[PDB]
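Accompanying notes for the structure given below.
Numbers here are sequence positions counted from 1. All heavy atoms count here, side chains included; hydrogens, waters and symmetry mates do not.
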Amino acid sequence: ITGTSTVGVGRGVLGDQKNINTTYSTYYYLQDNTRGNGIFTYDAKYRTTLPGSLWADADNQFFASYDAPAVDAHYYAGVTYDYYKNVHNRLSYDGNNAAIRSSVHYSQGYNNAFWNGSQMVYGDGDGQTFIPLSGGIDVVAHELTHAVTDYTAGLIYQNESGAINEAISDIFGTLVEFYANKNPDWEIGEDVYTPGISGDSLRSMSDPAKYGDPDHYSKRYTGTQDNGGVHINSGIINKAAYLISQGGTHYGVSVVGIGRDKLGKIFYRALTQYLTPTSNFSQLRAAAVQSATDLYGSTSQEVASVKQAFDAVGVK
Ligand SMILES: [Ca+2]
Ligand SMILES: [Ca+2]
Ligand SMILES: [Ca+2]
Ligand SMILES: [Ca+2]
Ligand SMILES: [Zn+2]
C-alpha cells in the first residue's frame with residue numbers, strides 16, 4: 001500500500017521485544033519500505049488460501065499473542081535480507097530487489113514452513129511438536145534461501161540435487177543465525193521445535209547422526225520417501241560444511257577449519273556460479289573446490305580443507 005514509513009514495536013514468538021518497520025495509511029501495515037521493493041507480511045487467518053490479507057494493525061503496537069508470528073516473520077525476513085546484501089552483495093533473492101512476502105497463521109496445527117515458488121509460508125505448529133515456525137531465525141533464513149537457490153542454481157527438489165538444495169538452506173540458515181548472533185549454534189530449528197523438551201532440534205549439522213541422518217556417503221538413503229531423501233541425505237553435506245568451518249576428525253580423516261566467513265564465501269560462489277539444476281554430490285565437491293580455488297588460490301589451505309572435508313564424508 002502507499003503510505004508513510006514508520007517504526008512499530010512488538011513481541012516475537014519467544015517473548016522478546018523488537019522494533020519493526022511498518023507503513024502507515026489509516027492502519028499500520030506490516031510493510032517494510034526500507035529494504036529493496038519491500039518486505040510484506042500477510043495474515044492467512046488459519047486458511048490455506050494465499051497470500052491472505054496484508055497485516056493491518058490499528059496502533060502500531062504488536063503485543064497480542066496472535067501478533068507474535070507475524071512480528072518474527074517480518075523482522076527475520078529483514079535480517080536475512082541484510083545478510084545477503086551486506087555479506088554477499090546480493091539484493092533480495094532474485095538479485096534485483098524482489099519484494100519478499102510471507103504469510104503466517106497458515107492452516108490449523110501446521111507443523112512446517114516453506115517457500116512455495118513465490119513466497120514464504122509459516123504454520124503455527126500444533127503446540128507440542130512445534131510452536132510457530134517463524135520464531136526461529138534459522139528457519140526463516142532456510143526458507144528464504146530456497147528462493148535464492150531457485151533463482152540461481154535451480155537445484156531440482158529430487159534425489160542428490162534436492163539434498164544439496166536442502167543443505168544450502170541449512171547452511172545459510174545457520175550463517176544467518178550467526179550473523180544475527182541469535183544464540184547461534186550448528187543445529188536447525190531448536191528455538192521452535194518441541195517446546196516441551198530442551199536441548200534438541202530438528203537436524204544437527206555438527207552431528208547429523210544424532211537424529212538418525214547420514215554423516216557419510218556410504219550411509220545415504222537410496223529409497224523413495226521424502227523425494228528420495230532430500231531432508232535425510234542433506235546431513236552428508238551439512239557435516240561437510242560443518243567440518244570446513246570448524247575443523248575436526250571424522251571417520252579418521254582430519255580437517256583444519258577455515259571458519260564461517262570463508263565457508264559462506266565458498267558456498268555462495270559455488271551456488272551462484274557453478275551449480276546447475278541436476279548437480280549431484282560429486283559435482284558439488286568440484287564446484288566447491290573450484291570456488292575456493294578462484295578465491296584463495298589452488299595451493300591455499302582453503303582448497304585443502306574443502307578437499308579433506310568432502311573426503312571425510314566419502315564424497316569423491
Ligand atoms: Ca496493535
Ligand atoms: Ca540457536
Ligand atoms: Ca540453529
Ligand atoms: Ca525442544
Ligand atoms: Zn528446505
Side-chain angles (χ1 to χ4, degrees), residues 1-86 90-108 110 113-124 131-137 139-141 143-148 150-151 176 179-180 182:
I1 56 90
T2 310
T4 293
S5 297
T6 187
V7 179
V9 56
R11 199 134 55 215
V13 172
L14 298 182
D16 58 319
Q17 185 176 292
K18 62 242 289 175
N19 297 321
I20 46 176
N21 295 121
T22 58
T23 293
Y24 175 62
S25 185
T26 303
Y27 284 95
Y28 296 85
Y29 291 93
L30 291 184
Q31 174 184 322
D32 179 354
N33 302 304
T34 72
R35 293 168 170 111
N37 295 322
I39 300 181
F40 298 79
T41 303
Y42 295 78
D43 184 7
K45 298 167 186 183
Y46 304 133
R47 315 280 301 185
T48 52
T49 284
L50 295 171
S53 296
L54 191 61
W55 199 284
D57 185 270
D59 60 9
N60 215 22
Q61 283 182 242
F62 300 81
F63 295 102
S65 75
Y66 193 79
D67 301 336
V71 169
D72 281 341
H74 193 68
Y75 183 89
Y76 291 138
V79 175
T80 301
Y81 174 104
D82 294 344
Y83 169 83
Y84 278 108
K85 177 174 191 268
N86 294 338
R90 186 190 190 74
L91 300 175
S92 200
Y93 54 83
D94 69 342
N96 191 34
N97 269 155
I100 298 165
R101 305 179 200 280
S102 304
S103 306
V104 301
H105 296 307
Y106 178 74
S107 197
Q108 289 186 33
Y110 190 70
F114 59 97
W115 167 257
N116 78 345
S118 306
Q119 62 161 111
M120 301 178 277
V121 183
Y122 298 96
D124 285 324
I131 60 187
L133 283 95
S134 53
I137 188 181
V139 174
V140 170
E143 302 307 342
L144 208 152
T145 294
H146 278 312
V148 176
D150 285 355
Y151 277 82
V176 169
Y179 174 76
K182 200 63 177 34

Atom pair OG (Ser53) and CH2 (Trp55), whose distance is rounded to the nearest 0.5 Å: 10.0 Å
Treating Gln31 as the side-chain partner and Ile39 as the backbone partner, does any N or O pair qualify as donor plus acceptor under 3.5 Å? no
Between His74 and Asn21, is there a donor-acceptor pair closer than 3.5 Å when you use the side chain of the first and the backbone of the second? yes
Does any pair with a residue in residues 4-17 pass salt bridge (charged side-chain N to carboxylate O under 4.0 Å, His left out), and if so which ones, sequence neighbours excluded? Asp16-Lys18
If I compare all heavy atoms of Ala113 with all of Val139, which pair ends up nearest, and what's the gap? CB-CG1, 4.3 Å
The criterion is salt bridge (charged side-chain N to carboxylate O under 4.0 Å, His left out); which residues satisfy it with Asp124, sequence neighbours excluded? none
Pairwise distance NE2(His105) to CZ(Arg47) - rounded to 0.5 angstrom: 15.0 Å
Any salt bridge linking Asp32 with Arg35? Criterion: basic side-chain nitrogen under 4.0 Å from a carboxylate oxygen. yes
Spatial distance of atom OH (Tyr29) from atom OG1 (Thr6) [nearest 0.5 Å]: 14.5 Å
Please report the shortest heavy-atom distance between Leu30 and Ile20, naming the atom on each side. CD2-CD1, 3.7 Å
Within the distance-only criterion (no hydrogens, no angle test), does the side chain of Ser103 pair as donor or acceptor with the backbone N or O of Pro51 below 3.5 angstrom? yes
Determine whether more than 12 heavy atoms belonging to other residues, nucleotides or ligands lie under 6.0 Å from atom CZ of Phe62. yes
When rounded to the nearest 0.5 Å, the distance separating OH of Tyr76 from CG of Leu144 is 14.5 Å
Quick one: closest heavy-atom pair of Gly8 and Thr22, and the distance? N-OG1, 3.9 Å
So which heavy atom on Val79 is nearest to which on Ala180, and how close? CG1-CB, 4.1 Å
Would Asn116 and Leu50 count as a side-chain contact (heavy atoms from CB on, under 4.5 Å) if you check the C-alpha gap in whole Å, the side-chain angles of each, and the deciding distance to 0.1 Å? CA-CA 10 Å; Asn116 78 345; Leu50 295 171; 3.8 Å; yes
Between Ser102 and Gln119, does any side-chain donor sit less than 3.5 Å from a side-chain acceptor? no
Please check this pair: side chain of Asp150 against backbone of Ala147, looking for a donor-acceptor N/O pair closer than 3.5 Å. no
I'd like to know if the side chain of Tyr84 and the backbone of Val148 have a donor-acceptor N/O pair within less than 3.5 Å. no
Spacing of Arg90 atom CZ and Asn96 atom CG [to the nearest 0.5 Å]: 10.0 Å
Closest contact, heavy atoms only, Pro69 versus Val104: O-CG1, 3.7 Å
Quiz question: by atom type and distance under 3.5 Å, do the side chains of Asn97 and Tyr81 form a donor-acceptor pair? yes
Do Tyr122 and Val140 come within less than 4.5 Å of each other through their side chains, counting heavy atoms only? yes
Is it true that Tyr66 and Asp43 share a donor-acceptor pair across their side chains at a distance under 3.5 Å? yes
Would you check if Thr145 and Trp115 make a side-chain contact, meaning some heavy-atom pair closer than 4.5 Å? no
Quick note, ring-ring contact (aromatic ring centres under 6.0 Å, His included) partners involving residues 5-26, not counting sequence neighbours, are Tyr24-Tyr28
Atom OH of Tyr46 and atom CD of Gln108: how far apart are they, to the nearest 0.5 Å? 8.0 Å
State yes or no: are the ring centers of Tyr106 and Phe114 separated by less than 6.0 Å? yes
Any side-chain to backbone donor/acceptor pair from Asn33 onto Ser5? Under 3.5 Å, distance only. no
Please check if any side-chain donor atom of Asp94 sits under 3.5 Å from a side-chain acceptor atom of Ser92, or the reverse. no
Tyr93 side chain to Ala99 main-chain N or O, any donor-acceptor pair under 3.5 Å? yes
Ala70 to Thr41 - nearest heavy-atom pair and separation: O-CG2, 3.9 Å
